[PDB]
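Worksheet: one structure, shown below.
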Amino acid sequence: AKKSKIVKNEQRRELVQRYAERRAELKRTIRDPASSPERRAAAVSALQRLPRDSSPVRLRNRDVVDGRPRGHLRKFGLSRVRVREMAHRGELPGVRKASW
Amino acid sequence: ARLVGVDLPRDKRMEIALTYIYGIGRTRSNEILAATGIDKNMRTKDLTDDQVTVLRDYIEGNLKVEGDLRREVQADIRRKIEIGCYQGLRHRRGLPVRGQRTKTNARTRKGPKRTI
Amino acid sequence: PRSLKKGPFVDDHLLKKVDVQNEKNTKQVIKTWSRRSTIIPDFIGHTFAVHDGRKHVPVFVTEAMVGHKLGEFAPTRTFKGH
Amino acid sequence: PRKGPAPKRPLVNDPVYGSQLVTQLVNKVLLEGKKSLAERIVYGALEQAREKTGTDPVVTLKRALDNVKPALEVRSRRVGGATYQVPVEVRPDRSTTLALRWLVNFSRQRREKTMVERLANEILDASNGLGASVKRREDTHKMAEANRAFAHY
Amino acid sequence: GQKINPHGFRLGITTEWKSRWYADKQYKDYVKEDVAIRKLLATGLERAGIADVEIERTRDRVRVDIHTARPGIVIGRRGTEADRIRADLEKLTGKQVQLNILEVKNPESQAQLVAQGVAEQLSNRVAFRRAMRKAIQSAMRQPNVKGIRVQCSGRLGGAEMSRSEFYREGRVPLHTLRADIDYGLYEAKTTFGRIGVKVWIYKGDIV
Amino acid sequence: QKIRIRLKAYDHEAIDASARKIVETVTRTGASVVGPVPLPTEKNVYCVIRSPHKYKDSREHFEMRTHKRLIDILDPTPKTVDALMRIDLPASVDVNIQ
Amino acid sequence: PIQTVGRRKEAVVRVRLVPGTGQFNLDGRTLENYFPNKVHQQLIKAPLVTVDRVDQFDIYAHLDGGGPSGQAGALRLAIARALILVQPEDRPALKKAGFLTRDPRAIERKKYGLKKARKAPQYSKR
Amino acid sequence: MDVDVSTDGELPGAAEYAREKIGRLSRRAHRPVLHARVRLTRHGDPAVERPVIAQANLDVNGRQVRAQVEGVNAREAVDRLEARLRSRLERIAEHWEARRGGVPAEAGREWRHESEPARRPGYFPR
RNA sequence: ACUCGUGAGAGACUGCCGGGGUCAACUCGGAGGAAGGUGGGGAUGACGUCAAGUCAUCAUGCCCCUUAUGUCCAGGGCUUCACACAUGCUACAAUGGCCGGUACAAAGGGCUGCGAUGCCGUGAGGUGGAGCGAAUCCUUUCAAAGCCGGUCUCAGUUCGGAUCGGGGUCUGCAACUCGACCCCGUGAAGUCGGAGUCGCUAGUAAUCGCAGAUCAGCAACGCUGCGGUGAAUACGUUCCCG
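Chains as they are written, first to last, in the working numbering: chain A, 1 to 100; chain B, 1001 to 1116; chain C, 2001 to 2082; chain D, 3001 to 3153; chain E, 4001 to 4207; chain F, 5001 to 5098; chain G, 6001 to 6126; chain H, 7001 to 7126.
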């Protein structure tokens, strides 16, 4: 798509691995049990202070080379346009046209 | 039988007749009939006076129906209007308030179709 | 609506702003951008300039509008008729 | 049907009555593939008819069919760039089909609170010659006769 | 959209997959590294005709086999070309990557090489009729070639109007499944735009 | 004690070749085998649109088929096991040893 | 013993025939607890009727796949096959009735671009 | 006659002119018009000699009538579209006056596809 | 042993018989057979047409921007509504609604995912985590229409569920604009739809449920598949369309 947006997606992923791995997950563990004292702890407020880009909810599965944000397939990490072209060329092992 | 000022249907099973009360649906009628003990499927012309009394005092005790419910709902809508919230002006101009699409549908709030 | 276990959601920015505003008992116009923050009983007197998309519109809180969100009082789309 | 006639489906004889006609009737009343409900409706109507009259139900069903079976029908024909209502003779199979379809429909618009009752009343009056399907046969024969001038082509 | 890609039509019957490995959790990243390898090799080498690139993987070690019509060009006599490709394939996070450079036996019977040659001739100055005729004659001169069709389209000759032209010789049965149709597509770079050249070559059938 | 051998590959011929080769080596080492028990083929289907833009009604279907074979042996003498880690197989077929 | 199978559109029926009375054992349930539909029962017993060997064979059946109608059809085919295995010289009687033919009528595959196997989306010219 | 115009880009006053011109065609249609749509488009490329493209669709009692023209500006395209639509409506008429010359005439003179075949006796005339 | 799963193979070739046939193609009927005459359904789309669509998958000639038409961020918008068109879903009910009991599928998915037993809620759900990279465990042991029993009695109704009031759950940094779901209440239009028009020839139409991709959640009634129950009709090419 756009080079800047392809890059920014990756930057979100490295931000996610750096922050969402433990910082943005221990706060969730605090909020889960009503027994846990969340209200004074401000685990909500502390987790607000974290960057938005820490949250995986901001991620977007784009095509691994093409950058296409829609028509994505999780098995291949490829757009529907690219999967069709590489399967036809025999590039994805064990993939072929269907009949039944 | 005049129940809370509501003329009951001439011949209906009890819970569905009780549905005719403005504050009662099918769940409420079922549970109140179970709780106060009057049988659920007996017709509306078989009530005794004491049965009407027990329905009356129970409903007046642990339920709100008829005029009070209507005026409380009206008050809620009006208070929602006068604070200027989004639902407020949505009520003011007769448009759907729960995010429904208005490009094509929403004739229920818009009323009958008009040509212009 | 938000679940009760999590509690109401207020952004830290305007939360801190209102704590420092009410500690000396005068309410100046507070300029905010967080339409997603709900209204707390700590806002009863303060006047908020909530963002709209183009500008900030003054919102004076009362007892009734507690529990709502600031965005409910800053209408975004403008329609006058055809 | 451009390349010739198509084969017909040989539907089976009914088990509890042993007649082709009742299976044809159940397939006519069938809706959405609920065959069991259709069979229940037809069997109930036949039993109601047997109770009311007191004899075999298939014989009265056949009597009703003969009472509502048409013989002459009208089809629009375009000969020499002009269309007219031409009376045409009806083959036996099409007559049975028309009679059954008329019976089922006119029972569907009866007012007997249940399809089994409506069907039973319709078949009984058709047996006695008072049904609305009998009437419909009367008007179709009347229309075929009134256009007899066009039968020459 | 008229004709499906001939390789994909016979993928499970006549032709074979160009990538051989098995992955369940790591299918996606395997695919990513494979396409990265392919694009790297496509960009780096253009002089020698790169007819095909195969990738084989097994745990840590990665085996990449490529077929070229000029193996000496892509290989370093002291390994300099080999050193460069090895190092920048290690940099592709391939762990242990080893290369088997190969050579095609009949360059004129290979569709990809034929299309590459035709497009290269088209790019500089050559009239397209000359290129197609020369390619067709050279391919038909080979023993196993039973039929070749060459088609190129675009602003041929720098014209303002796009055109499609094709010549065929012999038999090219695209609808027959058992017949092996070698298909090659490659784009010619001209000053007036991009010209696409497609080649179909038919050499008997495999049963 | 017996150990399970599981084979999974996208090509039926290759998985059959691996199965027969494994049976051959284990019977060379003097072991009892249960044979290449077939297992249901796994089918993963994908449907895509042919054209880059619009033209939704034209779709293309692809599958990914996985064939599974089961090898079970007995009397695990150390020679058989050592032979088992010393078998070369096509990169297409993977082996699961349990 | 003798054992055959009947298949009818994703319904598979295994049958075990023994020369006892007319007892129908369908996975531990009788012909009445199973198949509570008279047409299905007639469809089941038709091969016996044409062979006139009713109430002289105890029948044990395994049912799996499909619905009641497919199960009944597969069971009828299984019974016909069992009869052809027991008394071969009755083959014309069963075959001319068609009970020896597997019905090759399966759910047609759904096609892309169409709502159903054949039903097409509504198209508006205006 | 009500017409809806779906233009695009820049075409000021094209919608009003197109509506006023097309709406005058209702009287020419011999059957009631159920719908009428017009689309105005312009070509981005300045090299195109006739950039503006006008299309129309009328539902004349279920019969679809459509036309398409090209022009150098909105007015010319709309006028040419009106001419084309009028020609199509003339050719569509299908009332009696429009099919009185095609109805087969005479008895033996002239032959047509729908002409009445001659009646022939069983025996050869001789 | 019988199913089944998956490898190999056999099996339909007008092969045979009788009749039409130019003794030619071809055609009609019969036997055998699971299947009979390209068995059923797929994949496969000639030269070209329509300067058809796509410079927004991608690539690219030329032109243009380059302290911006690049680039980062918050908020908003893409969801606006007097209307018009199009594709669908739900209904207008008794061949039905509600309640209780009860029987039969296929296909597919699952690792920081599926998630069971148990316990707590009325219910979304909460706690908890058995076992599962899975013909094993979970999706409940898998369905709904179906069958049996009871009730409703032709009414804008025990039909229909829109809209609206209040209260919650879950995901998520965050459900105001602008999510889904649950509970109580509310109970609109709608009585089978003009001109006109659409799909479908058999396991088809109609109807019933299940699954998948995308996906933190979902606007999914959409799309792609799977199985259950399963019709009517074709006289025949004058007319309409290609």
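Yeah, the Cβ is synthetic: ideal placement off N, Cα and C, and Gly gets one too.
If the cut-off is 9 Å on Cβ atoms, which residues from the region 7093 to 7115 of chain H count as contacting chain D, listed in chain order? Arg7099, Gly7102, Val7103, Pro7104, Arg7112, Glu7114, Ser7115
Quick check on the burial criterion: 16 or more other C-beta atoms within 10 angstroms. Buried or exposed for residue 6131 of chain G? This structure cannot speak to residue 6131 of chain G, because chain G is shown only from 6001 to 6126.
Quick one: is G/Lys6110 near chain D, going by C-beta distance under 7 Å? Walking along the seventh sequence from the start, residue 6110 of chain G turns up at place 110. Closer than 7 Å: no.
Beta-ladder partner(s) of F/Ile5005, from DSSP: For this step, residue 5005 of chain F is matched to residue 5 along the sixth sequence. Paired residues: F/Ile5071, F/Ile5097.
Are the Cβ atoms of D/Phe3150 and D/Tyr3043 separated by less than 7 Å? Here residue 3150 of chain D corresponds to residue number 150 of the fourth sequence, with the count starting at 1. Here residue 3043 of chain D corresponds to residue number 43 of the fourth sequence, with the count starting at 1. It is not a contact, given that the beta carbons lie outside the stated cut-off.
Quick one: which chain G residues come within Cβ less than 7 Å of D/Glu3112? The sequence position of residue 3112 of chain D within the fourth sequence is 112, counting from 1. The premise fails here: D/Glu3112 is roughly 26 Å from chain G at the closest Cβ pair, so nothing lies under 7 Å.
Quick check: is the beta carbon of A/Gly77 nearer than 7 Å to any beta carbon in chain F? Here residue 77 of chain A refers to the residue found at position 77 of the first sequence. No, its Cβ sits nowhere closer than 7 Å to a Cβ of chain F.
Determine, using beta carbons only, whether D/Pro3001 comes closer than 7 Å to chain G. As a position in the fourth sequence, residue 3001 of chain D is number 1, starting the count at 1. Not one chain G Cβ lies under 7 Å of D/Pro3001.
Give the residues from the region 5036 to 5060 of chain F that approach chain A closer than 8 Å (Cβ to any Cβ), ordered along the chain. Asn5044, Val5045, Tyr5046, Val5048, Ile5049, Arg5050, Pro5052, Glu5060
On a CA-only basis, which of D/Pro3005, D/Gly3081, D/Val3086, D/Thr3097 is nearest H/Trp7096? Give me that one, please. Counted from its first residue, the eighth sequence places residue 7096 of chain H at position 96. Cα-wise, what sits closest to H/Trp7096 is D/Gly3081.
So, do the region 4139 to 4153 of chain E and the region 4197 to 4204 of chain E have three or more beta carbon pairs nearer to each other than 8 Å? yes
Integer-rounded CB distance, given that E/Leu4041 should sit under 8 Å from E/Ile4050: Mapped onto the fifth sequence, residue 4050 of chain E falls at position 50. Mapped onto the fifth sequence, residue 4041 of chain E falls at position 41. Indeed they touch by this definition, with Cβ atoms about 7 Å apart.
Do you know how far the Cα of E/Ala4048 is from the Cα of E/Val4104? Indexing the fifth sequence from 1 puts residue 4104 of chain E at position 104. Indexing the fifth sequence from 1 puts residue 4048 of chain E at position 48. Those two C-alpha atoms are separated by around 11 Å.
At which residue ranges does the region 5007 to 5095 of chain F contain complete beta strand (DSSP E) runs of 3 or more residues, listed in the order of the chain? 5037 to 5049, 5059 to 5072
Got a sec: is the Cβ-Cβ distance from G/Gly6066 to anything in chain F below 7 Å? Mapped onto the seventh sequence, residue 6066 of chain G falls at position 66. Closer than 7 Å: no.
Between the region 7008 to 7040 of chain H and chain G, which residues of the former have CB atoms less than 9 Å from a CB of the latter, in chain order? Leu7034, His7035, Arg7037
When the cut-off is 7 Å and only beta carbons count, does A/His72 lie next to chain E? The residue you call residue 72 of chain A lines up with position 72 of the first sequence. With 7 Å as the cut-off, A/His72 does not count as an interface residue toward chain E.
Quick test of the definition: if touching needs 3 or more C-beta pairs under 8 Å, does the region 3114 to 3125 of chain D touch the region 3045 to 3063 of chain D? yes
What in chain B is Cβ-close to C/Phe2073, meaning under 7 Å? Numbered from its first residue, the third sequence carries residue 2073 of chain C at position 73. Here the neighbours are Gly1084, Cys1085.
Against chain C, with Cβ distances strictly below 7 Å, would A/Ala34 count as a contact? For the purposes of this step, residue 34 of chain A is taken as the residue at position 34 of the first sequence. A/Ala34 counts as touching chain C.
Quick one: which unbroken alpha helix (DSSP H) runs of 4-plus residues sit fully inside the region 4092 to 4170 of chain E? Chain order, please. 4111 to 4124, 4128 to 4140
Which stretch, first to last residue, makes up the alpha helix (DSSP H) that contains C/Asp2019? Translated into positions along the third sequence, residue 2019 of chain C becomes position 19. Element bounds for C/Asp2019: 2012 to 2022.
Here's the rule I'm using: 16 or more other beta-carbon atoms within 10 Å means buried, otherwise exposed. How should B/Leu1008 be labelled? The residue you call residue 1008 of chain B lines up with position 8 of the second sequence. Its Cβ being crowded by 16 or more others within 10 Å, B/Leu1008 is buried.
Considering only DSSP beta bridges, list what G/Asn6025 is partnered with. Walking along the seventh sequence from the start, residue 6025 of chain G turns up at place 25. In the DSSP output, where bridge partners are listed per residue, G/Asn6025 has G/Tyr6060.
Anticipated Cβ contact below 8 Å, F/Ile5022 with F/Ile5003, distance rounded: If you number the sixth sequence from 1, residue 5022 of chain F lands on position 22. If you number the sixth sequence from 1, residue 5003 of chain F lands on position 3. That belief does not hold up - the Cβ atoms of F/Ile5022 and F/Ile5003 are roughly 12 Å apart, past 8 Å.
For D/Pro3087 and D/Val3074, believed in contact at Cβ under 8 Å, the rounded distance: Residue 3074 of chain D sits at position 74 when you count from the first residue of the fourth sequence. Residue 3087 of chain D sits at position 87 when you count from the first residue of the fourth sequence. Rounded, the Cβ-Cβ distance is 5 Å, consistent with contact.
What first and last residue would you give for the alpha helix (DSSP H) that runs through D/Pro3092? Taking the fourth sequence and counting its residues from 1, one reaches residue 3092 of chain D at position 92. Per DSSP, D/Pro3092 belongs to the alpha helix (DSSP H) from 3092 to 3108.
For A/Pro69, which residues in chain E fall below 9 Å Cβ to Cβ? Taking the first residue of the first sequence as 1, we reach residue 69 of chain A at position 69. Within 9 Å Cβ-Cβ: nothing; A/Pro69 doesn't reach chain E, min ~17 Å.
Among H/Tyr7123, H/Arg7042, H/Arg7027, which has the Cα closest to the Cα of H/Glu7090? Translated into the one-based positions of the eighth sequence, residue 7090 of chain H becomes position 90. The shortest C-alpha separation from H/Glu7090 is found at H/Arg7027.
According to DSSP, G/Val6013 sits in a beta bridge with which residue or residues? Numbered from its first residue, the seventh sequence carries residue 6013 of chain G at position 13. In DSSP, G/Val6013 forms a bridge with G/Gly6006, G/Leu6063.
Applying the 10 Å Cβ sphere with the 16-neighbour rule, what's the burial state of G/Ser6124? Sequence index remark: in the seventh sequence, residue 6124 of chain G carries index 124 (1-based). Burial call: exposed.
DSSP has G/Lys6038 in a bridge; who is on the other side? To locate residue 6038 of chain G, count along the seventh sequence from 1; it is residue 38. None; G/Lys6038 has no bridge partner.
With 16 other CB atoms within 10 Å as the buried threshold, where does F/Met5085 fall? Along the sixth sequence, read from residue 1 onward, the residue named residue 5085 of chain F stands at position 85. Classification of F/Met5085: exposed, given that the 10 Å Cβ count is below 16.
Mind listing, in chain order, the continuous beta strand (DSSP E) runs of no fewer than 3 residues lying wholly within the region 7012 to 7061 of chain H? 7033 to 7041, 7052 to 7060
Can you tell me where the beta strand (DSSP E) holding E/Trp4200 begins and where it ends? Translated into the one-based positions of the fifth sequence, residue 4200 of chain E becomes position 200. Counting along the chain, the beta strand (DSSP E) containing E/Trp4200 begins and ends at 4193 to 4205.
Using the rule of at least 16 other Cβ atoms within 10 Å of the residue's Cβ for burial, across every protein chain shown, is B/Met1014 buried or exposed? Here residue 1014 of chain B refers to the residue found at position 14 of the second sequence. Buried, by the Cβ-count rule.
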